[PDB]
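**Q** One structure is given below, represented as structure tokens, and several questions about it will come after.
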Amino acid sequence: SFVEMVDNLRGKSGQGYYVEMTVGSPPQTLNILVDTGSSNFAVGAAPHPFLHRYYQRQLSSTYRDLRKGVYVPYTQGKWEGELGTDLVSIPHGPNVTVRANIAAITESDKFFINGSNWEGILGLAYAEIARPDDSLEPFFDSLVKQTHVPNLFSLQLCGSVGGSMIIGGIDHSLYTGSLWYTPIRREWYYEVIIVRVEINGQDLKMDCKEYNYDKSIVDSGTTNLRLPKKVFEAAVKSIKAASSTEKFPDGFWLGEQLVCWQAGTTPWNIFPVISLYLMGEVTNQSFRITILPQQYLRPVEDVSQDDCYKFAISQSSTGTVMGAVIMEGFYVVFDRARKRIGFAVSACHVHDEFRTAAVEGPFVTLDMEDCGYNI
Ligand SMILES: CC(=O)N[C@@H](Cc1cc(F)cc(F)c1)[C@H](O)CNC1(c2cccc(-n3cccn3)c2)CCCCC1
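Using the deposited numbering, the letters of the sequence shown map in sequence onto residues 4 to 162, 175 to 318, 321 to 392.
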């Protein structure tokens, strides 16, 4: 009964997506941020100027202490706190209650965001990357272990944003066309292999190794599409040239300055589509997902009569991160059971008059695992 789970997510633009959760007995209600880019369940357990409420272990009859501290750094923010267990539930999700590890956050730096609305984080990636070590069963593993909930989940994230997390199944009412699956290369991050990249139908013609150096992952926790140095540079060059008719600051191409045009006069057609071809389920076979400018140019609210945008492709140097920006076009299936991620066109796709984000296959592509990086 997946309908009870549709629209169970909210967020502000750029500040990630959250699902309502309860902890303890009596139930305590938090907003938890939904992260496929880490493996730890953490909640704020102490005052903070950005926290509107928090978790008070004392008042939970079912708290149990593990007497271990923990520390977790993210790309920018970080937090430390104390590890206990407790009972946990998702009001707008499957009907079960599980005993799960919880990091009680005691102090924190650049983690909570002002007017964030979320109070904790739900790392949905794999034990291998759990902190402090991989013996700390991540929330979702516990759920699968303790219940009958199938080892599968899906995220439909949409363009004051919202979306849905379908726990334990796929909801056909949320996509169109065909699901295409790409193998999970290794169960740590949701790691995948990008085999070909085209901007406006022109191949970047790099060794496909450069697409997955040092990895390529699907990460709801990151907003942007983030590309290795070399790939980022070629991409930018090609987008500078497809839209050289207009001119911008340079902070812009670095995600610093905004750029502006008058309401409705936003010149979409001058920005190229990006196609990322992912490894397929069948030998020599791939598929593509095509990104619209509407995704890689996030809006920002001014501050007044102009529509204004940040460039949402940034540099990386820990590999390619398909952030929310990539994920917004698509219904994304995390088929843990079959070590694959499926992509279909989202029901809440965002519609240019002349061009459209697509999941398309099949393609032929040779020596595809020459594309994976090795240390
Ligand atoms: C923006 C941000 O940083 N998002 C957090 C989620 C997030 C969202 C947010 F809004 C504020 C935050 F502080 C953190 C997300 O996991 C980051 N995910 C990566 C990451 C980066 C740094 C550490 C870890 N990691 C931690 C444990 C295991 N791996 C993971 C995954 C590897 C590739 C780079 C991004």
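By construction, the Cβ of each residue, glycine as well, lies at the ideal position given by its N, Cα and C atoms.
1. If I'm right that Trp-82 touches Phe-114 with Cβ under 8 Å, what's the distance once you round it to whole angstroms?
2. Given the structure, does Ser-253 come close to ligand 1, in the sense that its CB is under 7 Å from one of the ligand's heavy atoms?
3. Evaluate contact between the stretch 30-38 and the stretch 193-200, counting only Cβ atoms and requiring at least three cross-stretch pairs below 8 Å.
4. Under the assumption that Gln-159 contacts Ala-364 (Cβ atoms under 8 Å), give the Cβ distance between them as a whole number of angstroms.
5. Check whether the stretch 284-304 and the stretch 205-221 touch, using three or more Cβ-Cβ pairs below 8 Å as the test.
6. Starting from the Cα of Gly-126, find the closest Cα among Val-381, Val-101, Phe-142 and give me that residue.
7. How big is the Cα-Cα spacing for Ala-329 and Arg-355?
8. Between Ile-232 and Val-338, how many whole angstroms is the CB-CB distance? I'm expecting something under 8 Å.
9. Is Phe-351 closer than 8 Å to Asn-284 when the C-beta atoms are compared?
10. Would the beta-carbon of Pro-76 be found less than 7 Å away from any heavy atom of ligand 1?
11. Starting from the C-beta of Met-385, find all residues in its chain whose C-beta is less than 6 Å away, skip the five residues before and the five after it, and write them out in chain order.
12. Report the start-end ranges of each beta strand (DSSP E) in the stretch 256-283 that is 3 residues or longer and not cut off at the edges.
13. How is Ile-116 classed by DSSP in three states: helix, strand or coil?
14. Pull up the distance between the alpha-carbon of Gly-184 and that of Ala-128, whole angstroms please.
15. Just to confirm, are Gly-80 and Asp-112 a CB contact at a threshold of 8 Å?
16. Start and end of the alpha helix (DSSP H) containing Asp-144?
17. Sort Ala-375, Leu-273, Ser-259, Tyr-57 by Cα distance to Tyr-348 and report the nearest one.
18. Tell me the DSSP secondary structure of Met-221 in three-state form.
19. May I ask which residues mark the beginning and end of the alpha helix (DSSP H) holding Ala-341?
20. What separation, rounded to the nearest whole angstrom, lies between the Cα atoms of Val-315 and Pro-76?
21. Pull up the CB-CB distance for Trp-121 and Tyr-58, whole angstroms please, since I reckon it's below 8 Å.
22. Could you check the C-alpha separation between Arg-102 and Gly-279 for me, to the nearest Å?
23. I think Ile-116 touches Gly-84, with their Cβ atoms under 8 Å apart; what is that distance to the nearest whole Å?
24. Let's test the definition: count the other Cβ atoms within 10 Å of the Cβ of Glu-7 and tell me whether it reaches 16, buried, or not, exposed.
25. Between which two residues does the alpha helix (DSSP H) containing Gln-322 stretch?
26. For ligand 1, I want to know if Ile-358 counts as a neighbour, meaning its beta carbon is within less than 7 Å of at least one of the ligand's heavy atoms.
**A** Looking at the atomic coordinates:
1. Locating residue 82 in the sequence shown gives position 79, where the first residue counts as 1. Locating residue 114 in the sequence shown gives position 111, where the first residue counts as 1. Contact flag correct, Cβ pair sits at about 5 Å.
2. Along the sequence shown, read from residue 1 onward, the residue named residue 253 stands at position 238. No, since every heavy atom of ligand 1 falls outside the 7 Å radius drawn around the Cβ of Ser-253.
3. These segments do not touch.
4. In the sequence shown, residue 159 corresponds to position 156, counting from 1. In the sequence shown, residue 364 corresponds to position 347, counting from 1. With a Cβ gap of about 7 Å, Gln-159 and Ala-364 count as contacting.
5. Touching, yes, given that three or more Cβ pairs across the two stretches are closer than 8 Å.
6. Counted from its first residue, the sequence shown places residue 126 at position 123. Nearest option by C-alpha distance: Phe-142.
7. In the sequence shown, residue 329 corresponds to position 312, counting from 1. In the sequence shown, residue 355 corresponds to position 338, counting from 1. In a straight line, the C-alpha of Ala-329 is about 31 Å away from that of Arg-355.
8. Numbered from its first residue, the sequence shown carries residue 232 at position 217. Numbered from its first residue, the sequence shown carries residue 338 at position 321. The C-beta distance from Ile-232 to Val-338 rounds to 6 Å, short enough to meet the 8 Å contact threshold.
9. In the sequence shown, counting from the first residue as 1, residue 284 sits at position 269. In the sequence shown, counting from the first residue as 1, residue 351 sits at position 334. Their beta carbons are not under 8 Å apart, which means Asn-284 does not touch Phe-351 by this criterion.
10. Along the sequence shown, read from residue 1 onward, the residue named residue 76 stands at position 73. Within the cutoff, so yes.
11. Taking the sequence shown and counting its residues from 1, one reaches residue 385 at position 368. Once the five neighbours on either side are set aside, the close Cβ partners of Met-385 are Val-210, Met-294.
12. 274-277
13. Sequence index remark: in the sequence shown, residue 116 carries index 113 (1-based). Three-state DSSP puts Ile-116 in coil, outside helix and strand.
14. On the sequence shown, residue 184 is found 169 positions in, with the first residue counted as 1. On the sequence shown, residue 128 is found 125 positions in, with the first residue counted as 1. Rounded to the nearest angstrom, the two C-alpha atoms are 17 Å apart.
15. Here residue 80 refers to the residue found at position 77 of the sequence shown. Here residue 112 refers to the residue found at position 109 of the sequence shown. Yes, these two residues count as a Cβ contact at 8 Å.
16. To locate residue 144, count along the sequence shown from 1; it is residue 141. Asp-144 -> alpha helix (DSSP H) spans 142-149.
17. Here residue 348 refers to the residue found at position 331 of the sequence shown. Of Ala-375, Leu-273, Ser-259, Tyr-57, the residue nearest in Cα terms is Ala-375.
18. As a position in the sequence shown, residue 221 is number 206, starting the count at 1. Of the three classes helix, strand and coil, the one that applies to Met-221 here is coil, per DSSP.
19. Taking the first residue of the sequence shown as position 1, residue 341 is located at position 324. Unbroken alpha helix (DSSP H) run through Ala-341: 341-344.
20. Translated into positions along the sequence shown, residue 315 becomes position 300. Translated into positions along the sequence shown, residue 76 becomes position 73. Their backbone Cα atoms lie some 27 Å apart in a straight line.
21. Within the sequence shown, numbered from 1, the residue matching residue 121 stands at position 118. Within the sequence shown, numbered from 1, the residue matching residue 58 stands at position 55. Incorrect: roughly 13 Å between the Cβ atoms, too far for contact.
22. For the purposes of this step, residue 102 is identified with residue 99 of the sequence shown, where counting begins at 1. For the purposes of this step, residue 279 is identified with residue 264 of the sequence shown, where counting begins at 1. Taken atom to atom, the span from the alpha-carbon of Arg-102 to that of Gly-279 is near 50 Å.
23. Position 113 of the sequence shown, counted from the first residue, corresponds to residue 116. Position 81 of the sequence shown, counted from the first residue, corresponds to residue 84. No, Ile-116 and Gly-84 are not in contact; Cβ-Cβ is about 18 Å, not under 8 Å.
24. The count along the sequence shown starts at 1 and reaches residue 7 at position 4. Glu-7 is exposed by the Cβ-count criterion.
25. Here residue 322 refers to the residue found at position 305 when the sequence shown is read from its first residue. Run containing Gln-322: none; DSSP gives neither H nor E here.
26. Here residue 358 is taken as the residue at index 341 of the sequence shown, counted from 1. False, no ligand heavy atom lies under 7 Å from that Cβ.
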